[PDB]
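**Q** The structure that follows is given in the form of structure tokens.
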Amino acid sequence: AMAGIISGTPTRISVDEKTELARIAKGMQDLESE
Amino acid sequence: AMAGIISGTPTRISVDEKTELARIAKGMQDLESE
Amino acid sequence: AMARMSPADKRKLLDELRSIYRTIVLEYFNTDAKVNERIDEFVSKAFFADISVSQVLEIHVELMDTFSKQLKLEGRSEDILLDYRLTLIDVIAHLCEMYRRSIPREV
Amino acid sequence: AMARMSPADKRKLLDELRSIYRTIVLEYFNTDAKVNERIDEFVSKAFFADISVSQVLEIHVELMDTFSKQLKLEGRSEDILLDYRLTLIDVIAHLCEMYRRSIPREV
């Protein structure tokens with residue numbers, strides 16, 4: 001689009017059908033934990 | 001999990017490999033249009 | 001907005017967020033249902049309850065597993081899985097929107 | 001924050017957001033790169049430039065098409081497509097976070 005080839009390193013990671021969605025929780029759910 | 005069966009109406013819509021991601025733009029991109 | 005709300009009431013909200021989020025998903029393809037009502041309910045509580053996106057993000061992951069799980073066992077098309085990706089992204093974007101507008105800017 | 005910024009400067013930002021967003025994606029699987037820098041750059045500009053999530057949402061769709069497109073023609077595993085879903089959701093959640101903290105609440 002701009003200047004170069006875009007791939008994203010295809011075929012590299014094996015993931016589940018639901019794939020590791022979010023999962024990282026970003027840790028913003030710590031608002032209920034103390 | 002709570003009380004009932006969860007499905008989401010599986011097999012119903014035909015989508016592209018990239019699937020209709022966002023696409024709705026939600027129309028919040030109208031900040032640059034007048 | 002009120003004094004520190006009890007922990008259970010918070011869970012009660014979450015209990016609703018789980019079902020509501022779920023409800024939003026079911027109505028995403030509604031024939032006449034105003035998913036907006038489902039989204040508005042979730043969007044409304046999430047902001048008020050100061051619910052971090054994390055739960056929205058994590059809660060989605062669990063439910064998403066529920067659908068793909070049945071698809072594998074029920075031998076059904078998993079193409080519909082996108083709906084959860086669309087619902088998840090659309091939902092987060094919606095509350096993310098009000099968060100943006102809920103921030104007064106000097107003029 | 002400053003006086004109405006020209007239209008091109010805005011596009012210049014977008015020009016960067018497209019490349020930066022893209023850069024974030026490439027480094028998502030970086031061996032040592034601090035994608036955080038890529039995410040921080042995008043997160044930083046998006047907030048400052050008052051960039052609505054829409055572009056983040058729409059821009060992602062176009063680039064996502066770019067990857068799946070090559071996968072079909074290059075005959076490559078499309079499992080990696082999730083990275084864009086993860087990057088898109090993770091990115092939006094990050095700026096959505098600061099938006100939440102950028103909102104003072106009475107105490």
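Residues are referred to by chain and number: the chain letter is A, B, ... according to the order shown in the structure tokens, the number counts from 1 in that chain, and ligands are numbered separately from 1 in the order shown.
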Identify, on the basis of only C-alpha atoms, every residue whose closest approach to residue C:70 does not exceed 12 Å; exclude the query and any residue fewer than 3 positions from it along the same chain; express the result as a PDB file with C-alpha atoms, in the first residue's frame.

**A**
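Here's the written file selection_5.pdb:
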```pdb
ATOM      1  CA  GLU A  17      -9.848 -22.702  16.852  1.00  0.00           C
ATOM      2  CA  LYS A  18     -10.934 -19.934  19.211  1.00  0.00           C
TER       3      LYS A  18
ATOM      4  CA  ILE B   5     -27.389 -23.620  26.390  1.00  0.00           C
ATOM      5  CA  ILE B   6     -25.141 -21.140  24.601  1.00  0.00           C
ATOM      6  CA  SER B   7     -24.834 -21.301  20.811  1.00  0.00           C
ATOM      7  CA  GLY B   8     -25.087 -17.899  19.133  1.00  0.00           C
ATOM      8  CA  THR B   9     -27.017 -19.345  16.179  1.00  0.00           C
ATOM      9  CA  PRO B  10     -23.970 -21.171  14.725  1.00  0.00           C
ATOM     10  CA  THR B  11     -23.841 -21.913  10.986  1.00  0.00           C
TER      11      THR B  11
ATOM     12  CA  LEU C  63     -17.879 -17.643  25.977  1.00  0.00           C
ATOM     13  CA  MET C  64     -16.070 -17.770  22.640  1.00  0.00           C
ATOM     14  CA  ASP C  65     -14.631 -21.089  23.773  1.00  0.00           C
ATOM     15  CA  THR C  66     -18.185 -22.237  24.481  1.00  0.00           C
ATOM     16  CA  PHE C  67     -19.240 -21.732  20.851  1.00  0.00           C
ATOM     17  CA  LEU C  73     -18.585 -31.592  19.029  1.00  0.00           C
ATOM     18  CA  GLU C  74     -21.791 -30.649  17.209  1.00  0.00           C
ATOM     19  CA  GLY C  75     -19.872 -30.729  13.930  1.00  0.00           C
ATOM     20  CA  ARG C  76     -21.138 -27.296  12.911  1.00  0.00           C
ATOM     21  CA  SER C  77     -19.762 -24.484  10.777  1.00  0.00           C
ATOM     22  CA  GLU C  78     -17.317 -22.433  12.815  1.00  0.00           C
ATOM     23  CA  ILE C  80     -20.032 -17.949  12.761  1.00  0.00           C
ATOM     24  CA  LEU C  81     -17.203 -17.557  15.263  1.00  0.00           C
TER      25      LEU C  81
END
```

**Q** May I ask you to extract the residues of chain C within 7 Å of chain D, using only C-alpha atoms, and to give them as a PyMOL selection string?

**A** chain C and resi 53+89+93+96+99-100+103

**Q** Please return the superposed copy of chain B as an mmCIF file with N, CA, C and O atoms, in the first residue's frame; the fit should be least squares onto chain A across all sequentially paired Cα atoms.

**A**
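The resulting part_22.cif:
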```cif
data_model
loop_
_atom_site.group_PDB
_atom_site.id
_atom_site.type_symbol
_atom_site.label_atom_id
_atom_site.label_comp_id
_atom_site.auth_asym_id
_atom_site.auth_seq_id
_atom_site.Cartn_x
_atom_site.Cartn_y
_atom_site.Cartn_z
ATOM 1 N N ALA B 1 0.859 -1.217 0.000
ATOM 2 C CA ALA B 1 -0.002 0.000 0.001
ATOM 3 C C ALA B 1 0.878 1.245 0.001
ATOM 4 O O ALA B 1 0.765 2.096 -0.880
ATOM 5 N N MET B 2 1.749 1.350 1.001
ATOM 6 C CA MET B 2 2.636 2.503 1.110
ATOM 7 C C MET B 2 3.926 2.279 0.325
ATOM 8 O O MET B 2 4.115 2.849 -0.749
ATOM 9 N N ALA B 3 4.817 1.451 0.870
ATOM 10 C CA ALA B 3 6.087 1.172 0.203
ATOM 11 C C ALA B 3 6.781 -0.032 0.831
ATOM 12 O O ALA B 3 7.628 0.115 1.713
ATOM 13 N N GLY B 4 6.424 -1.224 0.367
ATOM 14 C CA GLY B 4 7.026 -2.449 0.885
ATOM 15 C C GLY B 4 6.019 -3.595 0.878
ATOM 16 O O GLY B 4 4.862 -3.415 0.499
ATOM 17 N N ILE B 5 6.466 -4.773 1.302
ATOM 18 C CA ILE B 5 5.590 -5.939 1.341
ATOM 19 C C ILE B 5 5.106 -6.185 2.767
ATOM 20 O O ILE B 5 5.888 -6.124 3.718
ATOM 21 N N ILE B 6 3.813 -6.444 2.907
ATOM 22 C CA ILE B 6 3.228 -6.679 4.219
ATOM 23 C C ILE B 6 2.879 -8.156 4.386
ATOM 24 O O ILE B 6 2.173 -8.731 3.560
ATOM 25 N N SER B 7 3.390 -8.771 5.451
ATOM 26 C CA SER B 7 3.129 -10.187 5.693
ATOM 27 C C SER B 7 2.683 -10.436 7.130
ATOM 28 O O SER B 7 1.625 -11.016 7.366
ATOM 29 N N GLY B 8 3.500 -10.015 8.090
ATOM 30 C CA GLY B 8 3.168 -10.224 9.495
ATOM 31 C C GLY B 8 3.765 -11.536 10.003
ATOM 32 O O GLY B 8 3.386 -12.032 11.061
ATOM 33 N N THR B 9 4.699 -12.084 9.229
ATOM 34 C CA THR B 9 5.364 -13.340 9.580
ATOM 35 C C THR B 9 4.394 -14.522 9.565
ATOM 36 O O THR B 9 4.421 -15.377 10.450
ATOM 37 N N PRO B 10 3.560 -14.586 8.564
ATOM 38 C CA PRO B 10 2.567 -15.683 8.390
ATOM 39 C C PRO B 10 3.133 -17.042 8.809
ATOM 40 O O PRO B 10 4.336 -17.176 9.037
ATOM 41 N N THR B 11 2.260 -18.042 8.922
ATOM 42 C CA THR B 11 2.693 -19.377 9.331
ATOM 43 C C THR B 11 3.880 -19.278 10.280
ATOM 44 O O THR B 11 5.027 -19.167 9.850
ATOM 45 N N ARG B 12 3.595 -19.312 11.574
ATOM 46 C CA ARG B 12 4.648 -19.217 12.574
ATOM 47 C C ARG B 12 4.144 -19.699 13.926
ATOM 48 O O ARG B 12 4.872 -20.337 14.688
ATOM 49 N N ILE B 13 2.898 -19.357 14.228
ATOM 50 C CA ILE B 13 2.303 -19.721 15.504
ATOM 51 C C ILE B 13 1.121 -20.668 15.331
ATOM 52 O O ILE B 13 0.261 -20.453 14.475
ATOM 53 N N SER B 14 1.062 -21.693 16.176
ATOM 54 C CA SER B 14 -0.047 -22.640 16.142
ATOM 55 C C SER B 14 -1.080 -22.194 17.169
ATOM 56 O O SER B 14 -0.749 -21.997 18.337
ATOM 57 N N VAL B 15 -2.315 -21.984 16.730
ATOM 58 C CA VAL B 15 -3.344 -21.502 17.642
ATOM 59 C C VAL B 15 -4.609 -22.356 17.623
ATOM 60 O O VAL B 15 -4.885 -23.075 16.664
ATOM 61 N N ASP B 16 -5.373 -22.242 18.707
ATOM 62 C CA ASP B 16 -6.627 -22.971 18.863
ATOM 63 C C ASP B 16 -7.697 -22.401 17.936
ATOM 64 O O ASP B 16 -7.559 -21.286 17.432
ATOM 65 N N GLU B 17 -8.768 -23.164 17.720
ATOM 66 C CA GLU B 17 -9.848 -22.701 16.851
ATOM 67 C C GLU B 17 -10.364 -21.350 17.328
ATOM 68 O O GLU B 17 -10.633 -20.458 16.523
ATOM 69 N N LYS B 18 -10.478 -21.196 18.643
ATOM 70 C CA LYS B 18 -10.934 -19.934 19.210
ATOM 71 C C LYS B 18 -9.747 -18.994 19.326
ATOM 72 O O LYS B 18 -9.894 -17.824 19.676
ATOM 73 N N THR B 19 -8.571 -19.538 19.033
ATOM 74 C CA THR B 19 -7.334 -18.778 19.106
ATOM 75 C C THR B 19 -7.224 -18.059 20.443
ATOM 76 O O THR B 19 -8.226 -17.775 21.098
ATOM 77 N N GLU B 20 -5.994 -17.773 20.842
ATOM 78 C CA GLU B 20 -5.753 -17.095 22.102
ATOM 79 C C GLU B 20 -6.336 -15.683 22.064
ATOM 80 O O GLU B 20 -5.603 -14.697 21.993
ATOM 81 N N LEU B 21 -7.663 -15.591 22.111
ATOM 82 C CA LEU B 21 -8.322 -14.293 22.082
ATOM 83 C C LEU B 21 -8.039 -13.556 23.390
ATOM 84 O O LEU B 21 -7.937 -14.177 24.446
ATOM 85 N N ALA B 22 -7.876 -12.238 23.316
ATOM 86 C CA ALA B 22 -7.575 -11.458 24.512
ATOM 87 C C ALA B 22 -6.656 -12.253 25.430
ATOM 88 O O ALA B 22 -5.438 -12.144 25.334
ATOM 89 N N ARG B 23 -7.261 -13.060 26.306
ATOM 90 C CA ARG B 23 -6.517 -13.901 27.249
ATOM 91 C C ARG B 23 -5.528 -13.083 28.084
ATOM 92 O O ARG B 23 -5.355 -13.338 29.276
ATOM 93 N N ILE B 24 -4.880 -12.112 27.454
ATOM 94 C CA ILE B 24 -3.912 -11.278 28.150
ATOM 95 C C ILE B 24 -4.589 -10.496 29.265
ATOM 96 O O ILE B 24 -3.929 -10.027 30.194
ATOM 97 N N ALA B 25 -5.906 -10.359 29.173
ATOM 98 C CA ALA B 25 -6.658 -9.631 30.187
ATOM 99 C C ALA B 25 -6.065 -8.239 30.406
ATOM 100 O O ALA B 25 -6.635 -7.421 31.127
ATOM 101 N N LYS B 26 -4.908 -7.983 29.797
ATOM 102 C CA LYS B 26 -4.236 -6.697 29.944
ATOM 103 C C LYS B 26 -4.028 -6.355 31.422
ATOM 104 O O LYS B 26 -3.342 -5.387 31.752
ATOM 105 N N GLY B 27 -4.600 -7.169 32.305
ATOM 106 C CA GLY B 27 -4.451 -6.959 33.742
ATOM 107 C C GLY B 27 -5.310 -5.803 34.250
ATOM 108 O O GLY B 27 -5.089 -5.303 35.352
ATOM 109 N N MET B 28 -6.289 -5.378 33.457
ATOM 110 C CA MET B 28 -7.150 -4.276 33.875
ATOM 111 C C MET B 28 -8.302 -4.802 34.731
ATOM 112 O O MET B 28 -9.116 -4.029 35.237
ATOM 113 N N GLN B 29 -8.354 -6.122 34.896
ATOM 114 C CA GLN B 29 -9.397 -6.748 35.704
ATOM 115 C C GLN B 29 -8.984 -6.771 37.174
ATOM 116 O O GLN B 29 -9.669 -7.353 38.014
ATOM 117 N N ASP B 30 -7.852 -6.139 37.471
ATOM 118 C CA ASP B 30 -7.339 -6.098 38.837
ATOM 119 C C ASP B 30 -8.055 -5.034 39.664
ATOM 120 O O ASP B 30 -7.642 -4.727 40.783
ATOM 121 N N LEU B 31 -9.124 -4.476 39.113
ATOM 122 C CA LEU B 31 -9.882 -3.448 39.822
ATOM 123 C C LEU B 31 -10.733 -4.077 40.925
ATOM 124 O O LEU B 31 -11.173 -3.391 41.848
ATOM 125 N N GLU B 32 -10.960 -5.382 40.824
ATOM 126 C CA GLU B 32 -11.758 -6.092 41.821
ATOM 127 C C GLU B 32 -10.864 -6.897 42.766
ATOM 128 O O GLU B 32 -11.352 -7.539 43.695
ATOM 129 N N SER B 33 -9.557 -6.862 42.521
ATOM 130 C CA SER B 33 -8.615 -7.602 43.360
ATOM 131 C C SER B 33 -7.754 -6.654 44.195
ATOM 132 O O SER B 33 -7.328 -5.604 43.714
ATOM 133 N N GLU B 34 -7.493 -7.038 45.445
ATOM 134 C CA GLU B 34 -6.672 -6.221 46.333
ATOM 135 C C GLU B 34 -5.813 -7.106 47.234
ATOM 136 O O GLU B 34 -4.779 -7.560 46.774
#
```

**Q** If we count only C-alpha atoms and set the cut-off at 12 Å, which residues sit around residue D:6, ignoring sequence neighbours fewer than 5 positions away in its own chain? Please answer as a list in words.

**A**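 So, after excluding close chain neighbours, the residues are residues 32 of chain B; 11, 12, 13 and 49 of chain D.
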
**Q** For atom CA of residue C:26 and atom CA of residue C:43, quote the distance in Å rounded to one decimal.

**A**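 Interatomic distance, atom CA of residue C:26 to atom CA of residue C:43: 16.3 Å.
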
**Q** Check chain C with DSSP on the backbone and list each residue it calls helix (DSSP H, G or I), as a PyMOL selection string.

**A** chain C and resi 7-27+35-48+53-74+79-101

**Q** At a cut-off of 9 Å, using only C-alpha atoms, what residues contact residue D:23? Leave out same-chain residues fewer than 6 positions from it and give the result as a PyMOL selection string.

**A** chain D and resi 35+38-39
